[PDB]
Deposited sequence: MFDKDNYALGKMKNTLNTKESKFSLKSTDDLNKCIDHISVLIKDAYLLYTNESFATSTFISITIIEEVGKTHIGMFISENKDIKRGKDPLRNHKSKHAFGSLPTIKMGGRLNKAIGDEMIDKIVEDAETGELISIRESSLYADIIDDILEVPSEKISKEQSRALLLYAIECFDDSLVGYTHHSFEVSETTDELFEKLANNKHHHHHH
């Protein structure tokens, strides 16, 4: 019942899209480890949307069809706890991630108060969301191609390094 001009007809098309996200993941980490927590988190919610859009556009003829499956004893569960995972999902369903994502890049004045990324995005939330972003990638696209397995070696190494 839904369509897009962004509809993937080729395995190689998916691979290129997978690489694309692979680079963004690397990017959001590099920003995170240089203590750019706000800018990183902007990319993380970009990575989530881009993983949501790829996976959807494989089948197809906010849009967050990237809800990493949470199982107790799972890497994400014991990386951020169910404190954080609860809220990330919440914000995804309501779309408050868009509003969070806005505040990680763009200055803004609300109720005559000047909001900058630096004073809106914590290191904890920035770390959670990247892990979640990497988990969205992995549960939504890793395993569809041989390539995605090779790519996934690299995102597991970031995830580990982040988590521990």
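Inset, instruction - Report the unmodelled segments of the deposited sequence as residue ranges counted from 1. - result: Residues lacking C-alpha coordinates: 1-17, 79-96, 200-207.
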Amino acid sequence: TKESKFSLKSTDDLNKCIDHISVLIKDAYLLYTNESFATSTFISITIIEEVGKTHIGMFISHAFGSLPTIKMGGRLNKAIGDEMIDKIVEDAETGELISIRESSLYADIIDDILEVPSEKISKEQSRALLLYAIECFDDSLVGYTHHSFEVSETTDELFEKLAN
From here on, numbers count along this sequence of modelled residues.
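Legend entry - Segment of higher mean CA temperature factor, 106-114 or 132-140: According to the entry, 106-114 carries the higher average C-alpha B-factor.
Inset, instruction - Take the C-alpha B-factors listed in the entry for 52-60 and for 36-44, compute each mean, and give the stretch with the larger one. - result: Looking at the record's C-alpha B-factors, the answer is 52-60.
Inset, instruction - Tell me, please, which of 28, 121, 70, 97 has the highest C-alpha B factor according to the deposited entry? - result: 70 has the highest C-alpha B-factor of those listed.
Legend entry - Position of residue 10 among the chain's modelled residues by C-alpha B-factor, lowest, middle or highest third: As the PDB entry reports it, the C-alpha B-factor of residue 10 lands in the highest third of its chain.
Inset, instruction - Classify residue 66 as lowest, middle or highest third according to the C-alpha B-factor given in the PDB entry, relative to its own chain. - result: Its C-alpha B-factor belongs to the highest third of this chain's values.
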